[PDB]
$ cat upload05.cif   # mmCIF, C-alpha atoms
data_run
loop_
_atom_site.label_atom_id
_atom_site.label_comp_id
_atom_site.auth_asym_id
_atom_site.auth_seq_id
_atom_site.Cartn_x
_atom_site.Cartn_y
_atom_site.Cartn_z
CA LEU A 9 42.63 41.30 35.03
CA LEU A 10 43.92 37.72 34.95
CA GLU A 11 40.79 36.51 36.82
CA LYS A 12 38.41 39.02 35.11
CA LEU A 13 39.05 38.12 31.44
CA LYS A 14 39.43 34.44 32.12
CA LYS A 15 35.87 34.01 33.41
CA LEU A 16 34.41 35.86 30.32
CA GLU A 17 36.60 33.90 27.85
CA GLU A 18 35.38 30.57 29.46
CA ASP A 19 31.65 31.53 29.08
CA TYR A 20 32.00 32.37 25.37
CA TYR A 21 33.84 29.17 24.67
CA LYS A 22 31.17 26.77 26.00
CA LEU A 23 28.21 28.65 24.45
CA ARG A 24 29.90 28.63 20.92
CA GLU A 25 30.19 24.89 20.96
CA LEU A 26 26.41 24.63 21.88
CA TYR A 27 25.36 27.14 19.14
CA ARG A 28 27.53 25.52 16.36
CA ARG A 29 25.79 22.25 16.90
CA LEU A 30 22.33 23.79 16.73
CA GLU A 31 23.17 25.74 13.59
CA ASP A 32 24.35 22.59 11.83
CA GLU A 33 21.12 20.68 12.62
CA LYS A 34 18.83 23.47 11.35
CA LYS A 35 20.82 23.72 8.06
CA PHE A 36 19.31 20.30 7.09
CA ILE A 37 15.84 21.35 8.15
CA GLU A 38 15.98 24.15 5.53
CA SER A 39 16.37 21.56 2.69
CA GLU A 40 13.02 19.86 3.74
CA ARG A 41 11.29 23.23 3.96
CA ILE A 42 12.04 24.07 0.25
CA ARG A 43 10.91 20.55 -0.66
CA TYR A 44 7.53 21.03 1.11
CA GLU A 45 7.03 24.68 0.00
CA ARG A 46 7.38 23.57 -3.65
CA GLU A 47 5.08 20.57 -3.18
CA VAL A 48 2.35 23.00 -1.83
CA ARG A 49 2.42 25.13 -5.05
CA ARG A 50 2.29 22.02 -7.13
CA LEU A 51 -0.78 20.73 -5.44
CA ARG A 52 -2.57 24.16 -5.45
CA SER A 53 -1.98 24.06 -9.24
CA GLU A 54 -3.95 20.88 -9.46
CA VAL A 55 -6.91 22.70 -7.85
CA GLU A 56 -6.64 25.54 -10.44
CA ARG A 57 -6.98 23.19 -13.50
CA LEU A 58 -10.54 22.65 -12.21
CA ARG A 59 -11.00 26.32 -11.46
CA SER A 60 -9.81 27.37 -15.03
CA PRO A 61 -11.93 26.76 -18.22
CA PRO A 62 -13.74 24.61 -19.61
CA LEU A 63 -16.52 25.43 -17.10
CA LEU A 64 -19.99 24.24 -17.39
CA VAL A 65 -23.07 25.48 -15.56
CA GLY A 66 -24.76 23.34 -12.95
CA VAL A 67 -27.49 24.08 -10.49
CA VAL A 68 -27.47 22.34 -7.02
CA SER A 69 -30.16 19.78 -6.99
CA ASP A 70 -30.00 18.40 -3.43
CA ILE A 71 -27.69 17.56 -0.65
CA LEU A 72 -26.72 14.16 0.81
CA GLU A 73 -25.62 14.01 4.40
CA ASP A 74 -22.60 11.55 3.61
CA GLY A 75 -20.79 14.75 2.37
CA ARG A 76 -21.69 14.40 -1.23
CA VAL A 77 -23.66 16.83 -3.36
CA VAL A 78 -26.09 15.95 -6.10
CA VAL A 79 -26.09 18.69 -8.84
CA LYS A 80 -28.64 18.75 -11.91
CA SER A 81 -26.43 19.76 -14.86
CA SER A 82 -27.54 21.90 -17.58
CA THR A 83 -26.07 19.14 -19.85
CA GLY A 84 -28.51 16.73 -18.53
CA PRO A 85 -27.55 14.35 -15.74
CA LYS A 86 -28.08 14.59 -12.06
CA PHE A 87 -24.88 13.25 -10.72
CA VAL A 88 -23.32 12.83 -7.39
CA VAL A 89 -19.76 14.25 -6.74
CA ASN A 90 -17.76 14.61 -3.43
CA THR A 91 -17.18 18.04 -1.76
CA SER A 92 -14.10 19.91 -0.49
CA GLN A 93 -12.90 22.15 2.33
CA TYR A 94 -12.10 24.82 -0.40
CA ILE A 95 -15.87 25.18 -0.95
CA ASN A 96 -18.31 23.57 1.42
CA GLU A 97 -22.06 22.30 1.34
CA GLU A 98 -22.62 25.17 3.81
CA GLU A 99 -22.09 27.43 0.83
CA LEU A 100 -24.43 25.49 -1.39
CA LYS A 101 -28.17 25.32 -1.28
CA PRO A 102 -30.49 23.84 -3.89
CA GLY A 103 -31.36 26.20 -6.73
CA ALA A 104 -28.00 28.05 -6.48
CA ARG A 105 -25.93 27.83 -9.76
CA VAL A 106 -22.32 26.44 -9.19
CA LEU B 9 49.36 37.07 28.90
CA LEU B 10 46.62 39.72 29.51
CA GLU B 11 47.04 40.55 25.87
CA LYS B 12 46.74 36.76 24.96
CA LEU B 13 43.51 36.44 26.92
CA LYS B 14 41.99 39.42 24.97
CA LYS B 15 42.52 37.82 21.56
CA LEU B 16 41.11 34.53 22.66
CA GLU B 17 38.05 36.24 24.46
CA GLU B 18 37.26 38.31 21.25
CA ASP B 19 37.32 35.29 18.87
CA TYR B 20 34.96 33.22 21.06
CA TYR B 21 32.47 36.11 21.48
CA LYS B 22 32.42 36.87 17.67
CA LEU B 23 31.86 33.20 16.72
CA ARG B 24 29.29 32.86 19.54
CA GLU B 25 27.32 35.71 18.04
CA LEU B 26 27.65 34.27 14.48
CA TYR B 27 26.18 30.93 15.34
CA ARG B 28 23.27 32.35 17.39
CA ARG B 29 22.16 34.91 14.66
CA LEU B 30 22.04 32.03 12.16
CA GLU B 31 20.28 29.83 14.83
CA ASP B 32 17.25 32.19 15.18
CA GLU B 33 17.01 32.89 11.26
CA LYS B 34 16.72 29.07 10.74
CA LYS B 35 14.23 28.80 13.58
CA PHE B 36 11.89 30.75 11.37
CA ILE B 37 12.60 28.25 8.56
CA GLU B 38 11.84 25.36 10.94
CA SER B 39 8.38 26.80 11.53
CA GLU B 40 7.77 27.12 7.85
CA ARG B 41 8.89 23.47 7.39
CA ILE B 42 6.16 22.13 9.67
CA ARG B 43 3.56 24.66 8.23
CA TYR B 44 4.03 23.64 4.51
CA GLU B 45 4.05 19.85 5.37
CA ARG B 46 0.52 20.12 6.71
CA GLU B 47 -0.48 22.10 3.72
CA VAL B 48 0.93 19.32 1.35
CA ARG B 49 -1.03 16.51 2.99
CA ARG B 50 -4.29 18.45 3.31
CA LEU B 51 -4.04 19.82 -0.30
CA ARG B 52 -3.31 16.36 -1.57
CA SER B 53 -6.38 14.70 0.07
CA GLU B 54 -8.82 17.28 -1.12
CA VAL B 55 -7.49 17.32 -4.77
CA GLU B 56 -8.50 13.61 -4.88
CA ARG B 57 -12.14 14.38 -4.04
CA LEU B 58 -12.80 16.98 -6.69
CA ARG B 59 -10.86 15.33 -9.41
CA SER B 60 -13.17 12.26 -8.91
CA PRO B 61 -15.33 11.29 -11.92
CA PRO B 62 -18.95 11.16 -10.80
CA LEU B 63 -21.55 8.43 -10.45
CA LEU B 64 -24.71 9.37 -12.27
CA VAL B 65 -28.15 9.21 -10.86
CA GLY B 66 -30.64 6.70 -12.29
CA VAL B 67 -33.92 5.25 -11.04
CA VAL B 68 -35.07 1.62 -11.48
CA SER B 69 -38.20 2.32 -13.40
CA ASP B 70 -38.98 -1.42 -13.76
CA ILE B 71 -36.97 -4.54 -13.06
CA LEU B 72 -36.53 -7.87 -14.98
CA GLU B 73 -36.87 -11.63 -14.05
CA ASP B 74 -33.57 -12.27 -16.05
CA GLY B 75 -31.45 -10.64 -13.30
CA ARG B 76 -31.31 -7.54 -15.43
CA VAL B 77 -32.60 -4.09 -14.22
CA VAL B 78 -34.50 -1.60 -16.32
CA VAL B 79 -32.81 1.75 -15.48
CA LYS B 80 -34.13 5.07 -16.68
CA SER B 81 -31.11 7.29 -16.77
CA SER B 82 -30.93 11.08 -16.01
CA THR B 83 -29.02 11.60 -19.22
CA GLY B 84 -32.19 11.00 -21.10
CA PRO B 85 -32.16 7.40 -22.89
CA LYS B 86 -33.19 4.15 -21.33
CA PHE B 87 -30.58 1.41 -20.60
CA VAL B 88 -30.95 -2.15 -19.24
CA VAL B 89 -28.05 -2.80 -16.85
CA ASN B 90 -26.72 -5.64 -14.74
CA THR B 91 -27.18 -5.57 -10.95
CA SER B 92 -23.91 -5.95 -8.97
CA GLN B 93 -23.05 -8.85 -6.75
CA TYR B 94 -22.97 -6.38 -3.77
CA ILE B 95 -26.45 -4.96 -4.16
CA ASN B 96 -29.31 -7.40 -4.16
CA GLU B 97 -32.38 -7.22 -6.42
CA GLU B 98 -34.61 -7.37 -3.28
CA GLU B 99 -33.26 -3.81 -2.65
CA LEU B 100 -34.21 -2.84 -6.09
CA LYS B 101 -37.85 -2.42 -7.14
CA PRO B 102 -39.64 0.47 -9.11
CA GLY B 103 -38.73 3.88 -7.58
CA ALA B 104 -35.34 2.65 -6.18
CA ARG B 105 -32.73 5.37 -6.79
CA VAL B 106 -29.40 3.95 -7.93
#
$ encode --input "upload05.cif" --output "structure tokens"
Amino acid sequence: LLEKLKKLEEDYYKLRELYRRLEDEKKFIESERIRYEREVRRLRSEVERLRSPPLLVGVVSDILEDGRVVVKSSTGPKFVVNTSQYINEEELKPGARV
Amino acid sequence: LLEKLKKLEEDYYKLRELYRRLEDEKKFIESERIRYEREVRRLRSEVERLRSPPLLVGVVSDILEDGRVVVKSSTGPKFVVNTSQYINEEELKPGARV
């Protein structure tokens, strides 16, 4: 009765004060998440401007081992351009169109 | 008394529960926050590499005594271009890819 309720009321009081603090801290963390989630879409869109037209046919010419790829363009030049993790030199071999 | 204790015990349990349900929901968000951060930085780095304008391939077909370098381009026309300060013209001779 007097003893029984009192112990349960005490427990609930101390825990609430802990949980209120933790709730407040995570409320700020949520702002940052929306900031970062939006920045991700923005950046992915920069990748897609390349992936969208105009597109031009090239055929891998050869591969440098400093992580660059030489491609002979159908336009004319052999030119050297740097690679990505989106598409790797392990998915390119000379004579394959890209 | 006993009645008083009941009202107080109820309020502290209900608020305890409120803060903890919110706490977990935002723990999900916290995970997301770290996950999209990594995706910004890695997206950003790679977008720089592709976007890059290339460096064209040419071959020193001949080389001049006037400090100038006779470079047959892979565009098609011939050009006579200036050797940098950084590369020497002892490192440049017929058949030197540039």
$ atom_distance --input "upload05.cif" --atom1 "CA of residue 88 (chain A)" --atom2 "CA of residue 70 (chain A)"
9.6 Å
$ interface_residues --input "upload05.cif" --of "chain B" --to "chain A" --cutoff "7 Å" --atoms "all atoms listed in the file" --output "short mmCIF file (atom, residue, chain, number, x, y, z; two decimals) with C-alpha atoms, in the frame of the given file"
data_model
loop_
_atom_site.label_atom_id
_atom_site.label_comp_id
_atom_site.auth_asym_id
_atom_site.auth_seq_id
_atom_site.Cartn_x
_atom_site.Cartn_y
_atom_site.Cartn_z
CA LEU B 10 46.62 39.72 29.51
CA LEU B 13 43.51 36.44 26.92
CA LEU B 16 41.11 34.53 22.66
CA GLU B 17 38.05 36.24 24.46
CA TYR B 20 34.96 33.22 21.06
CA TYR B 21 32.47 36.11 21.48
CA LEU B 23 31.86 33.20 16.72
CA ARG B 24 29.29 32.86 19.54
CA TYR B 27 26.18 30.93 15.34
CA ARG B 28 23.27 32.35 17.39
CA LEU B 30 22.04 32.03 12.16
CA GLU B 31 20.28 29.83 14.83
CA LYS B 34 16.72 29.07 10.74
CA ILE B 37 12.60 28.25 8.56
CA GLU B 38 11.84 25.36 10.94
CA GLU B 40 7.77 27.12 7.85
CA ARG B 41 8.89 23.47 7.39
CA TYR B 44 4.03 23.64 4.51
CA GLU B 45 4.05 19.85 5.37
CA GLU B 47 -0.48 22.10 3.72
CA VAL B 48 0.93 19.32 1.35
CA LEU B 51 -4.04 19.82 -0.30
CA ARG B 52 -3.31 16.36 -1.57
CA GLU B 54 -8.82 17.28 -1.12
CA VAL B 55 -7.49 17.32 -4.77
CA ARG B 57 -12.14 14.38 -4.04
CA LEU B 58 -12.80 16.98 -6.69
CA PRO B 62 -18.95 11.16 -10.80
CA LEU B 63 -21.55 8.43 -10.45
CA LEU B 64 -24.71 9.37 -12.27
CA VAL B 65 -28.15 9.21 -10.86
CA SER B 82 -30.93 11.08 -16.01
CA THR B 83 -29.02 11.60 -19.22
#
$ calpha_fit_rmsd --input "upload05.cif" --fixed "chain A" --moving "chain B"
11.3 Å
$ atom_distance --input "upload05.cif" --atom1 "CA of residue 102 (chain A)" --atom2 "CA of residue 77 (chain A)"
9.8 Å
$ resolve_selection --input "upload05.cif" --expression "the PyMOL selection byres ((chain A and resi 105) around 8)" --output "JSON, numbers by chain"
{"A": [65, 66, 67, 68, 103, 104, 106]}
$ atom_distance --input "upload05.cif" --atom1 "CA of residue 74 (chain A)" --atom2 "CA of residue 56 (chain B)"
16.6 Å
$ axis_aligned_box --input "upload05.cif" --around "region 69-85 of chain B" --padding-each-side "4 Å" --output "lines of an AutoDock Vina configuration file"
center_x = -34.0
center_y = -0.3
center_z = -18.0
size_x = 18.0
size_y = 31.9
size_z = 17.8
$ build_atoms --input "upload05.cif" --residues "region 46-57 of chain A" --atoms "N, CA, C and O atoms" --output "short mmCIF file (atom, residue, chain, number, x, y, z; two decimals), keeping the file's coordinate frame"
data_model
loop_
_atom_site.label_atom_id
_atom_site.label_comp_id
_atom_site.auth_asym_id
_atom_site.auth_seq_id
_atom_site.Cartn_x
_atom_site.Cartn_y
_atom_site.Cartn_z
N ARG A 46 7.60 23.91 -2.26
CA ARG A 46 7.38 23.57 -3.65
C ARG A 46 6.27 22.57 -3.89
O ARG A 46 5.54 22.76 -4.90
N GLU A 47 6.10 21.54 -3.05
CA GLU A 47 5.08 20.57 -3.18
C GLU A 47 3.72 21.14 -3.01
O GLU A 47 2.84 20.63 -3.62
N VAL A 48 3.61 22.26 -2.16
CA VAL A 48 2.35 23.00 -1.83
C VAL A 48 1.86 23.69 -3.06
O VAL A 48 0.63 23.54 -3.32
N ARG A 49 2.77 24.42 -3.85
CA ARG A 49 2.42 25.13 -5.05
C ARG A 49 1.98 24.21 -6.12
O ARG A 49 1.10 24.52 -6.89
N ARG A 50 2.60 22.98 -6.10
CA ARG A 50 2.29 22.02 -7.13
C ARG A 50 0.84 21.57 -6.97
O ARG A 50 0.06 21.50 -7.92
N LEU A 51 0.52 21.20 -5.78
CA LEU A 51 -0.78 20.73 -5.44
C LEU A 51 -1.95 21.66 -5.60
O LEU A 51 -3.03 21.22 -5.98
N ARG A 52 -1.66 22.98 -5.28
CA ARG A 52 -2.57 24.16 -5.45
C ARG A 52 -2.84 24.28 -6.94
O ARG A 52 -3.95 24.54 -7.35
N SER A 53 -1.79 24.04 -7.83
CA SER A 53 -1.98 24.06 -9.24
C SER A 53 -2.88 23.02 -9.69
O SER A 53 -3.57 23.28 -10.66
N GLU A 54 -3.02 21.85 -9.02
CA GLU A 54 -3.95 20.88 -9.46
C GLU A 54 -5.35 21.36 -9.23
O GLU A 54 -6.23 21.01 -10.07
N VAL A 55 -5.60 22.07 -8.16
CA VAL A 55 -6.91 22.70 -7.85
C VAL A 55 -7.33 23.68 -8.88
O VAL A 55 -8.49 23.54 -9.34
N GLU A 56 -6.36 24.49 -9.42
CA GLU A 56 -6.64 25.54 -10.44
C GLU A 56 -6.95 25.05 -11.86
O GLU A 56 -7.41 25.73 -12.77
N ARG A 57 -6.72 23.76 -12.15
CA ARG A 57 -6.98 23.19 -13.50
C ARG A 57 -8.50 23.01 -13.62
O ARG A 57 -9.08 23.25 -14.71
#
